[PDB]
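What follows is a set of notes on a single structure, which appears directly below.
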Amino acid sequence: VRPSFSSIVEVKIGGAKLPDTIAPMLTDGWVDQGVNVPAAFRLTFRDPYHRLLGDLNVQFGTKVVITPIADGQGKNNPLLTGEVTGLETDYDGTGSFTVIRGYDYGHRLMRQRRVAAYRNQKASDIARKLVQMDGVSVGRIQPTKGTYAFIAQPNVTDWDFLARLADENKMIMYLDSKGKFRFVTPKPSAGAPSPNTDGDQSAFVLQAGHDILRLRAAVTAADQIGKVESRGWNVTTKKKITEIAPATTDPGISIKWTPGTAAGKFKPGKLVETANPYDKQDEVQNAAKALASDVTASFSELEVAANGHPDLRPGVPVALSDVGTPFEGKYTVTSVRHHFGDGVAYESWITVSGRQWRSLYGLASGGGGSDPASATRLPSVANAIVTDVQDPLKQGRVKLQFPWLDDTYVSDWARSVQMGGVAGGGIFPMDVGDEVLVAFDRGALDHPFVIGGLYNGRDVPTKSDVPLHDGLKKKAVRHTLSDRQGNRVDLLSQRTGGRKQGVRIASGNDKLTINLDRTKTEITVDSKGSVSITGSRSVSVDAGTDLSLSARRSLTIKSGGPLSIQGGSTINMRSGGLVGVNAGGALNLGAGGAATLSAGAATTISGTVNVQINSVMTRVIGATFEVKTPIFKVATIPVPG
Amino acid sequence: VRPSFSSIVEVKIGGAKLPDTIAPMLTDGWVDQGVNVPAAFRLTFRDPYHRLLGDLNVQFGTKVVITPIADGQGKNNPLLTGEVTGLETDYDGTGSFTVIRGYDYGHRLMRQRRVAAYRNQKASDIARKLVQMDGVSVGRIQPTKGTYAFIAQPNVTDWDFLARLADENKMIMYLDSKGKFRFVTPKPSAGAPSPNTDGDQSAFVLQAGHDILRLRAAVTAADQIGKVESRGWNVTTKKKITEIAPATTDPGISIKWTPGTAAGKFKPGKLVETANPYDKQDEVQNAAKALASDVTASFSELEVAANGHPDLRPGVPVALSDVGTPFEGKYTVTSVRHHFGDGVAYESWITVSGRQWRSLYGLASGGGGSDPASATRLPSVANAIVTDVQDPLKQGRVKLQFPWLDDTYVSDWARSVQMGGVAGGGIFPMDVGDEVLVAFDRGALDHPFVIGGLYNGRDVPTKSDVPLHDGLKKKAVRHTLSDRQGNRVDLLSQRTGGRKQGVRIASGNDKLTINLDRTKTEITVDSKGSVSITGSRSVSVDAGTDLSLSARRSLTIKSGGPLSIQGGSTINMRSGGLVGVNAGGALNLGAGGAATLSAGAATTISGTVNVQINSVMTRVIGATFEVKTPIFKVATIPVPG
Amino acid sequence: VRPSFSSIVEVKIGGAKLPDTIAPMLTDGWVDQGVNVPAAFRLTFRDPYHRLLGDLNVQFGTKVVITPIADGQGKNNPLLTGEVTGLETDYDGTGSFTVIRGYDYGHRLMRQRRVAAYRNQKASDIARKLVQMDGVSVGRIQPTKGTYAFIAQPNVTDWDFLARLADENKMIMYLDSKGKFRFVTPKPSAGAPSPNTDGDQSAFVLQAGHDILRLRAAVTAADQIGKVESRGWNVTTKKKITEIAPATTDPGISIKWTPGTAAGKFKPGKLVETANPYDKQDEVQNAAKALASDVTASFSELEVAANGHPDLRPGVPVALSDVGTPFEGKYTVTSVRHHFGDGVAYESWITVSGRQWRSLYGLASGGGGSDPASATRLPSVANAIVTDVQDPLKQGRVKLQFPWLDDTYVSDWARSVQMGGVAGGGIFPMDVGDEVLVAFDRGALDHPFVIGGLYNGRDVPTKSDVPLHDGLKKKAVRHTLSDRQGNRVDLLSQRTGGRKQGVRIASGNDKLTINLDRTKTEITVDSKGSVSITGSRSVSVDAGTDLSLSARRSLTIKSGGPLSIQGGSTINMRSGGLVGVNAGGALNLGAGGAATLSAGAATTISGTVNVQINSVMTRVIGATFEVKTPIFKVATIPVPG
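One line per chain: the protein sequences are V, F and R, in this order. Per the UniProt record's numbering: the first sequence = residues 2 to 642. Per the UniProt record's numbering: the second sequence = residues 2 to 642. Per the UniProt record's numbering: the third sequence = residues 2 to 642.
Below, the structure is given as structure tokens:
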């Protein structure tokens, strides 16, 4: 029937049934099963002479199975198979008891604290991999809605990472009777029999006064809001992505009243989540749905201590009837406490609290939730080593490799801050061995950012002509901007020593240099190589007060057009053995004063032309006047004096 | 008198008096009224057959009024007027009770979670506007001492924001009986009935043994320090602003002993606050006063459970007398618990604990651990969108819009970090639509800081002729510094492909380029336009080994002073068409060897002066010699040979 | 013997024995001693008329000595010399009790909150200085393993800081009976009486059922891992330092089972610490050993309430016998509780729980959280003022003094991040007076990092020419890179106003400037000084369409070799006054057309050589023809016409 006449607990340790000489020694039989934390075994035997543990040879690390038997139900279907973890002995004054404590076959997930990174795997794939890796048989795994680009395990316990993953995906972290892992969606509450049933023809119906020893049901509108929004940033388009989801319905609870009424009956507020990064529409939609489920899970909180039945496993629909106006209907169980003890028969505490750990006190072993000191809430910045540069987008994006976290974690691409903008800007890409400063997006490890490279040992900067600081007043003297080899621009200012001042656009080998030197107001374009100054429509209009073009070997001046030497004063045109002027055309001279044509060797006045010597007077002072042709047209016969 | 004979609870639901058929059912009446958190109603009726909620037609959101009546006091002046929030049913083994839970008319402030920014409004103005937004009638609001400039509400429950503001301003939120907000200063403890009074002529005097059912009074010097300082940074002057305030007095407590004695009797310590940013003297002084009040509020902790009186409202002075040496005097109440229950008449728990909400549990429900991760202490950095760059100071300050927080929050000016210094440095302003990386001052949202622009999709860097990485080892090859436009300063170094090395300066049109090219040692000054090299005291002293000046269509050389062409070897002065040395002054030519003046058309020697040919030999050896004028001074008559 | 016949509590207040008229009034004597928190008295007298405190003249800050006496043990050995801290009264319905709470002398350490930096001192030296400054006598201090460079005190209580040091160094802060501070290693558990000794003879042996009133012994493998590793970064070599330490043994516990048996019987996991920066091998080794000890301290948790004995001081070995298989052996006590009360004799509660504070509830006052709101986890960044720019390595580091933390804290060198790399990069050193934006390593204060200088009031004397923003749409117009004094490179782009575009490499005083101007396709190498353009193997090959070389007061062209003026068109060679060609060598001329040599004054044709005139026609036409020597070789006699 619904209650029980006699109830027994059958416990098997190490695969063998409990010895007949030890079965009467058992007193308490506690089993606390939940969907948020691993279930707990507490088997308390009475050992007045302190000899039990020396006979069972029980050492933690042994398989133990606990089954309840109420009437003829529960002979098959063992309740929970797990592992003995801790031992306790209590001399409380009412009996020197020996307590064996156990955890679920799968508690090892909480035992292991891991760091890792998973690339291009679905959440169900992550669950499958982690579980097997931990030696736990896989039951049924439900594929999740969307894939993840890159997940990082930020130094957390396996159980907690998987638990949050299930929370974000609106799942349940089920661990069934035979120790099989399960990642299953919540069962709909409608499945349970109608409360209008007789209440005695099944074991999933609770009637007020029939088999409800203790009852605590609460329906509240503490933080029920109709709309919940989750927001994120899209970098491939620079878009503010957002998702608004309703919180007016809930699958786990059906009590004739919905949270939509709670939202309507008060002012229409809204809730915002600003604690996790998001990138794609799928992730934002999933987060919005998860937050809506979280908000709607607090609508009803139920806790019934009943005579029980061994079929009250977690995650099953249970109908609550004849309680009142807002408390009828169906619920989905979340935690079940099977209790055997002094003066108490087989007791079952069914607690429906959504995904919260209301059981074992809301605060539980903390402040209502774990706040580890080695969590993912990384404040400020850290240092990292670059491992990859092969960005498929050529935006300077660079992979990282944290050296204080793990030797196999290399993260994903991280955008690096650069002095650019909306319409383009300069880039200073990093090498494959730099040590760069890394910040984080809202503290999350999944989204690192690169600020710039640091300076440490074995990475001293390239040496320069002048030191970093000088002078008694001890101010900055040089402000260097440089590449990784020596192609540099220097902005230096000094009043001591060499008194170097100004700007210096140098080269790697110092062969090429543009010195804007203020110490002597001198522009020095120095080059141990070729020089080339060119224009298109006009050439350098050189000016000043002293010009000089002294180049060895050769000097060629070409015009391809009109050429002019205005001068303005004496033009001393020296030579070194030859002066030549080509027969370009009508060559003409002139002078406002004298005109002299001297030489050292034989002169001549050539030309197949009508030579002439125009003048108001002409006097050949030649020591000898020789003509080898007849002389004509002389006005008078030659006369001396 | 002081104690009472008969005590009643008058509760009105929905504005109508409690029905006569329901009044006997009420058993438990609990009212918990405090000055730190909203008060609570707990009305527990006995409903064995579970039919109450189906007859009263109670839906949360309905108005409820609770009044106590002790003797002939309290018929008027209702105690509290609030709203039903949650429902609870209990089967505890002592009756099937139905519980209605209520909160204050103004609990909605804790219900709403908001993001917003307030500009140039006083704290009292903030409270008034905000409360009027939430549909709560405004009582008396006391004007704030100092005004603010920019307050950000960083995704917080509204009541918590208001409470932090009130704690900053040494204030109190006593919602009145009639549900009216009161932002009021604490009532001074001096204005209280004298302790040496008869103890029976007033309802504000408690005597040990007269009516004090339970007493718990503690006076401690756990963390009493005489002086407390608060410090901040002033940016308009670079000033370390500080305020030291005393903690030797406290308005709320007067127990013949002051915290000054506690501070003096121990070593003279000091306390510092380093958790919030401050900018002005007013804010720092207010923070120092608030911290001093907070420290002095822990001097005395009092908890008296007495027979009570319906006039024991919060925020009223109460005189405690005949208790001992240090426990006499007057206090100001902070929380009051009115209780009706099984085997208990009307009882009043008066608790004085200053700010500390130690009521119910010292840990309350979080062990004094308020870390809701409501994105308040934003860790590390985040991304933001620039909205305003006006800067009334021209220092590059920029208004920041956060895309993951709100669509209407645009913040105040943020001092972007610039790679300069104190006496002047280069400025890189950002456009009106950038995406920048912003840190925060000690995590507070009120003081964002811009680190630099980021790179995302649809904002690619300016295209360049050479790729960002090349080779098999493929180290960094190019280090570009550029404006949003094409003006660039490239520092490039390559070993493969085109083997481009050196420094480049480009104007974006690829016309004006300065190439310090190291692959072939060269300086190239290219420009699709005019060139101009100028000096003041001397001109470019050009040098090298192969000079060339070849500009088409024009070449003008001007001196305005002495001109010299030293040469040193052959000077081939070619020409085409015309070559004329039009010497204004005295011309003169000389030769170390021969001298030749040829022509093709006609050779002419001119000059309006006596021409002269002078040398040992002046032979013609040409052709016919014609003279058209008399020949003179011939020594010998012409003779061949 | 082991139990006691009659037990008394001897208390001395103010150095004088408790008065005879007050000794019967004492009711409750409670002492709580431990190695994690200061010891406490909770003495409780019965004062029905509330007059005790007015006669003893007790004022907190008075010395009090407390001792238990069970049989004839402890008559001259005091248990705890401390100071009265807080007074307390009670009307609990069972008497009007007066309670005097006292704390051990070490409470002063928890009473002071300090900010400071300690320089080149061992941890033992730090403890000695802290204890001496706080007026506490120094007992025995054990020198620690290694020294530290700096240890900042990030606004923390002295006691918490010293406890952190003790936990780091595997040390305990037990305070002895006389009140003398000592900093001691835990006593080994092996140095205890054999578990199988007589039992009654030794006062350090507890037997199940003999004198164990209450017992709670727990042995668990909740988080037992064989190996624990600690990781850190070395900057003098760029190295990943790591230390793996075993957790298979523990000095404090010896119970026939070791944590190695817990680790082996499960999967071989590992644990990592990622919350504390580390620099040297010694520090990493110390951290690994400390974490291993912390993990192994949770193997056994013991709580024994026994018949009491005054020799059960903290930090002494105690042998636990005849309990079972895994619970025999020895323990090192961690906290002791001496209790005298109503209907209760002298009770001693021994608690062995490692370094954890499992003594108070399960979460003390604030378990899990214990995050001082004013803690060391600095989120995001802050502002700081440079105080020293020197560097023993010249890598650009700098010391930073914080203006919101302390006036005497200047920190260590911070590796400022700037655009460098593995093989060298540019550096911008910071001046002494700069204000820089400083991040933090993992939030820890000990490792600040400088990002870059900020801008504030009277901090931007760049004094640039063009404004930082112009226009209606008013995008960024200028991108300045400059030096503290003015030597600058500007990348400016405008469309309105003066319409300036291009690049400008300027100087401090603007005398020297290289303008790449794009509004007018021009290169302006302007300089109020000398100019020098030089080459090595070839000279500037100037080109374009209009050459102009116009320099006043001088113009010198030198070749040192062949010189050529190709020309190609008219060559106008004017002269203000005088012109000349030197007698270099075989000077020659030529003309494709006419040839004219005119002058305004005395002409001549010099040359001490065989002058000649050659042509088919030699028509020398003038106004006369004078020869000063005889004519010869005339072909015919002169003839008119």
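Backbone N, C-alpha and C fix where the C-beta goes; we use that ideal spot for every residue, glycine too.
Partners in chain V for residue i, counting only beta-carbon separations shorter than 8 Å
i	result
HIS51 of chain F	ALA209, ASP323, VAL324, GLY325
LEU548 of chain F	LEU550, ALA552, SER555, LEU556, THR557
Per DSSP, the bridge partner or partners of residue i
i	result
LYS18 of chain V	V:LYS13
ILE622 of chain V	None; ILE622 of chain V has no bridge partner.
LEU131 of chain F	Paired residue(s): none; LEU131 of chain F is not in a bridge.
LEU590 of chain F	V:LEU598, R:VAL582
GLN74 of chain V	V:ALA71
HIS470 of chain F	F:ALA477
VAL542 of chain V	R:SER549
Residues that residue i contacts on chain F, provided the C-beta gap is smaller than 8 Å
i	result
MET618 of chain R	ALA624, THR625, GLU627
Beta-carbon contacts of residue i that lie in its chain and below 7 Å, excluding the five residues immediately before and after
i	result
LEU517 of chain R	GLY503, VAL504, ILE524
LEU19 of chain F	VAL12, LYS13
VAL38 of chain F	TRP358
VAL132 of chain V	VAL139, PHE182
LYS271 of chain R	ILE226, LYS228, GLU230
Listed by chain order, chain R residues near residue i by CB distance under 7 Å
i	result
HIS448 of chain V	Within chain R, no residue comes near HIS448 of chain V; the closest Cβ sits about 15 Å away, beyond 7 Å.
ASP484 of chain F	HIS480, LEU492, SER494
Sequence-distant residues of the same chain with beta carbon closer than 6 Å to residue i, five excluded per side
i	result
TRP258 of chain F	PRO327
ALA218 of chain V	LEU303, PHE328
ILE428 of chain V	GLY397, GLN419
Proximal residues of chain F, C-beta to C-beta of residue i below 9 Å
i	result
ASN156 of chain V	Within chain F, no residue comes near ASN156 of chain V; the closest Cβ sits about 16 Å away, beyond 9 Å.
Contacts of residue i in chain R (Cβ-Cβ under 9 Å)
i	result
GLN225 of chain V	Per Cβ cutoff of 9 Å: no residues; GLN225 of chain V is ~28 Å from chain R at best.
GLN419 of chain F	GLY453, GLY454, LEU455, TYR456, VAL461
Sequence-distant residues of its chain with Cβ nearer than 8 Å to residue i (five each side left out)
i	result
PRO404 of chain R	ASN384, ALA385, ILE386
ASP343 of chain F	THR28, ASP29
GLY444 of chain F	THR377, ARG378, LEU379, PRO380
For this session: Please determine if the stretch 480-488 of chain R and the stretch 454-465 of chain F are in contact, where contact requires at least 3 C-beta pairs separated by less than 8 Å.
Result: Counting C-beta pairs closer than 8 Å gives fewer than three between the stretch 480-488 of chain R and the stretch 454-465 of chain F, which falls short of the contact rule.
Exercise. Name the residues in the stretch 522-545 of chain R whose C-beta lies less than 7 Å from a C-beta of chain V; which are they?
Worked result: From the stretch 522-545 of chain R, only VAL526, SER528, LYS529, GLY530, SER531, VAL532, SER533, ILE534, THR535, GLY536, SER537, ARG538, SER539, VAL540, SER541, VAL542, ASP543, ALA544, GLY545 have a Cβ closer than 7 Å to chain V.
Exercise. Mind listing which residues of the stretch 393-417 of chain F have their C-beta closer than 7 Å to chain V's C-betas, in chain order?
Worked result: Listed in chain order, the positions of the stretch 393-417 of chain F with a beta carbon within less than 7 Å of a beta carbon of chain V are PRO404, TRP405, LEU406.
Exercise. Can we say the stretch 384-401 of chain V touches the stretch 434-454 of chain V, given the rule of at least three CB pairs closer than 8 Å?
Worked result: They touch, by the three-pair rule.
Exercise. For the stretch 563-576 of chain R, which residues have a CB atom closer than 8 Å to at least one CB atom of chain F, in sequence order?
Worked result: When CB distances to chain F are screened at a threshold of 8 Å, the residues of the stretch 563-576 of chain R falling below it are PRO563, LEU564, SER565, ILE566, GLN567, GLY568, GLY569, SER570, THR571, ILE572, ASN573, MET574, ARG575, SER576, in chain order.
For this session: Could you run through the stretch 335-359 of chain R and flag, in chain order, every residue whose CB is less than 8 Å away from some CB of chain V?
Result: If the cut-off is 8 Å between Cβ atoms, the stretch 335-359 of chain R has nothing near chain V.
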